[PDB]
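>>> Please find the sequence and an experimentally derived structure below.
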Amino acid sequence: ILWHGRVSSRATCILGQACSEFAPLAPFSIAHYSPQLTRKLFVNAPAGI
Amino acid sequence: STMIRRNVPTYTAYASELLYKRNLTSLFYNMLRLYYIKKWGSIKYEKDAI
Amino acid sequence: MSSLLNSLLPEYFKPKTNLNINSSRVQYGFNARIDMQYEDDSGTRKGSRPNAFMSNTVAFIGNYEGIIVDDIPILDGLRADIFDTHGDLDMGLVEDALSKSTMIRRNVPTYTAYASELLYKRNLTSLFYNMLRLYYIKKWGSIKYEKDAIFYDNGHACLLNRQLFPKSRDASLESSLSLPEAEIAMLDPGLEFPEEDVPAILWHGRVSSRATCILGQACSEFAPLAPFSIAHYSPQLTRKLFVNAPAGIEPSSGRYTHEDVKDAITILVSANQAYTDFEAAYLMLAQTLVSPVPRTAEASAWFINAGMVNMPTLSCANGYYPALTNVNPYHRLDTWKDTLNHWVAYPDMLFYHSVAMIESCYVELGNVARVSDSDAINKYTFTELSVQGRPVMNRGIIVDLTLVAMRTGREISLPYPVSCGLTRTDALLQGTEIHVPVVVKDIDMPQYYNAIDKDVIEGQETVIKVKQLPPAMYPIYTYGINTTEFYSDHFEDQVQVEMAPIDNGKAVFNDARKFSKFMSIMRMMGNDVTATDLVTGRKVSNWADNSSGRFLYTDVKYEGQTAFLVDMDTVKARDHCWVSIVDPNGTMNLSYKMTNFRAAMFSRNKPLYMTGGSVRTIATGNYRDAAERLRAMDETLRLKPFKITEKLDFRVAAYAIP
Amino acid sequence: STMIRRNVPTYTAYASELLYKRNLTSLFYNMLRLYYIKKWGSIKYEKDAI
């Protein structure tokens, strides 16, 4: 994916959790079961992650 | 463009497959769910409820 | 802006280039001929003072403190190709411009990504400001500051320099600062990724041995000993400074003269194409070069707490992108080089531009402090309605330029809405009591001044409670151009005090307006009048100043009901060249006329004369007509002959032109 | 109205959530009550009055 300038300290944590398995305990509608989207995600940002 | 000259021939060959991989719907879907989980995070679910 | 500050100067004032300042106090003013008249039922008594000196004392001391703030970027200088129709950096033409240049091919993709952040870091105002201060420190370096010296004295109350400025050691201006040098590294053109939070500047040819020492000291902390105006406290601008000079940077010399600082500025502005940045730095220093000595003892409330100077953060990314600066720059106004060209020609003219600006501001803050909060244009909301732009915050130069616009009564226009410099309106907006310290001389002080103690032995340190701020300066350069009835700065004026013979000299002024004009004109005539308020029971004296020689109504030091008893058999003749009121009977009519004006300056109780060449009004056209001319005389050495002519003697020869 | 343009995406996100809840009416209400408590601060309330 592409990015504008520097990937912030919090943007790493959000993208990391977005591309992961949802394994819920309580049956909630916005926290349903989803498979692992991807294992690794590249980011073309000249300013380091 | 501002590409490395030794990569142009090898990257152009791959273009036929890779340029038709454009669907970010799954990523935006999960990121929208994380927004509402942290906003309305204080809602409760009881096991023995009606 | 040299242009707008030039128009503030009077018509009769014809300035010269050089001004040999050799002290930390100057009495600028004018000599006028006053034809006073006193008419009465008995008869008329005429007087005439041929040389009457009206002065405003201006010093080189004043407590200030610099703080680094975030300000808008100044986009004047960059090439006109990369800009779009609206006037903002169209990114896409930047990538096109960098590609078709003399850049390393492996750096193009990584440098273009950074462009979005780095190209909007253009503000060199902080660097030019410090380099201008170094010029004047080395020029007027021999001025002295004594610790136990008289800041103000009016006979009754005295205020020393120890009182206002503690932590203050006596020293010369040259010996005040001990500036440490910042590192001036050479930029490697083959650097992988640009280092943000480190500014990189351009240079023409080789950085000289003295240029290193000047740039090193300009980007450093100012930690002064003596409270000087051009050597106030400033934070460290930057730690390291890159310079993209293919010819290597020579090491620091250590010493430099004031002429070498002018050399450093002229190269920096030309290479970086930063003329609007210099214009901002020129107006900043114009505010904070000289501070006014207070007119009255209770007018020291303005200079108790230190006014903050807003210096914009040093940020420049020209060193990383040499291609984007060329000989065809983008500029808003056509007269964008006028301010630098004026300074290079006439450096010492800044002194006259400085006093013109502070006199304009402190006069208007005098008659702004005397308006009630319940009004449309009041103390808090006089800046907002006047400003028709989009500045970040209404502070610094915006508040000082809007006060000048009110004084002259004209429209002031700047190319960029920059908000940097000193903020004066600090003590005003607080709207609280200020406690100024004073050392007493006489024992009958606390009747006149609103003192904290009622009985005080001589040589005691007391406190005066100032509620409403009196005017700090009287209008002198702006005399009778935009006249108000408060100051009463007319050429012709008259007052009619109505008394009957049944009254034995005693007159009660029910009106406040004509009481002010009576007490003022009596002081021109050299008469010491002492009125007493009937309601409160305090006393006021017209002799409350030794500079202007006028009586403003704020010298009463109290707002109440107006019932001033003046006894006209206790009037004492004080000054020379005076008309006598021996014994008046019936209606009195006082009047004066100011006819001609001659510019005069005093220093160390001696006349200070202007020397050098005749200063002109430099226009953009006056230089570029010589560029239109080009000296188009083909540079061909054409030698013309002279025919010898013989006459009677023949021993001696005589040459003719044809 | 800034030189540091790295913070614009973050600033916009927080501003959008806060601007739709701005109200200083409750602060001025208490500040006005403190003015009149000090001014008329000699009024007596007797419990066994009519």
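That came through fine. Residues are numbered from 1 along each chain as shown, chains lettered A, B, ... in the order given.
>>> Identify the residue nearest the geometric centre of chain A.
Centroid check for chain A by CA atoms, centre = their mean gives residue A:15 as the closest residue, at 2.3 Å.
>>> so that residue sits in a helix?
Yes. Under DSSP: H, G, I helix; E, B strand; the rest coil, residue A:15 falls within a helix.
>>> Can you tell me how far the residue lying closest to it once chain neighbours are set aside is from residue B:27?
Spatial nearest neighbour of residue A:15, excluding adjacent residues (CB to CB, 6 or more residues apart in numbering or on different chains): residue A:41 at 6.5 Å. Heads up, the C-betas are built off the backbone N, CA and C, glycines and all. Counting by CB to CB, to the nearest Å, the gap from residue A:41 to residue B:27 is 9 Å.
>>> Touching both of these two, which residues are there?
Common neighbours of residue A:41 and residue B:27 (criterion: CB atoms under 8 Å, 6 or more residues apart in numbering or on different chains): residue A:19.
>>> The residue in chain A positioned nearest to chain C - how many residues pack around it?
Nearest residue of chain A to chain C (CB to the nearest CB) works out as residue A:46 at 4.0 Å. Residue A:46 has 14 neighbours, counted by other CB atoms under 10 Å in any protein chain shown.
>>> So it sits against residue C:193, correct?
Yes. With contacts counted by CB atoms under 8 Å, residue A:46 reaches residue C:193, the gap being 7.0 Å.
>>> Enumerate the residues of chain A near chain B.
A:1, A:14, A:17-19, A:22, A:26-28, A:30-31, A:34, A:37 (CB under 8 Å from any CB of the partner chain).
>>> same thing but at 7 Å, please
A:14, A:17-19, A:26, A:28, A:30-31, A:34, A:37 (CB under 7 Å from any CB of the partner chain).
>>> Narrow these to those in helices?
Within these, residues falling in helices by DSSP state H are A:14, A:17-18.
>>> Between those residues, identify the one with the most neighbours.
When neighbours are taken as other CB under 10 Å, the top entry among these is residue A:18 (19 neighbours).
>>> and that residue, what is it in contact with?
Neighbouring residues of residue A:18 by CB atoms under 7 Å, 6 or more residues apart in numbering or on different chains: B:27, B:30-31, B:34.
>>> Which residue is the nearest non-sequential neighbour of it?
In this structure, residue A:18 finds its nearest non-sequential neighbour in residue B:30, 4.3 Å apart by CB to CB, 6+ apart.
>>> For residue A:38, grab the count of nearby residues.
When neighbours are defined as other CB under 10 Å, residue A:38 has 11 of them.
>>> Surely it is in contact with residue A:21?
No. With contact defined as CB atoms under 7 Å, residue A:38 does not reach residue A:21; the gap is 11.1 Å.
>>> OK, now which residue of chain A is nearest to chain D?
residue A:5 (6.1 Å).
>>> Go ahead and confirm that residue touches residue A:48.
No. Counting by CB under 7 Å, residue A:5 does not reach residue A:48; the two are 11.0 Å apart.
>>> Those two - which one has more neighbours?
Set residue A:5 next to residue A:48 and count neighbours by other CB under 10 Å: residue A:5 wins out with 16 against 7.
>>> list the contacts for that one?
By CB under 7 Å, 6+ apart, the residues touching residue A:5 are A:47, C:116-117, D:6.
>>> Check residue A:41 too.
For residue A:41, the contact set (CB under 7 Å, 6+ apart) comprises A:1, A:15, A:19.
>>> What of residue A:43?
Counted by CB under 7 Å, 6+ apart, residue A:43 has contacts A:1, A:3, A:7, A:49.
>>> The third one - how many residues pack around it?
Neighbour count of residue A:7, defined by other CB under 10 Å: 15.
>>> Provide the backbone phi and psi angles at it.
Residue A:7 adopts backbone torsions of phi -70, psi 110, taken as degrees, to the nearest 10.
>>> right, and it touches residue A:45 too?
Yes. Using CB under 7 Å, residue A:7 is in contact with residue A:45, at 5.2 Å.
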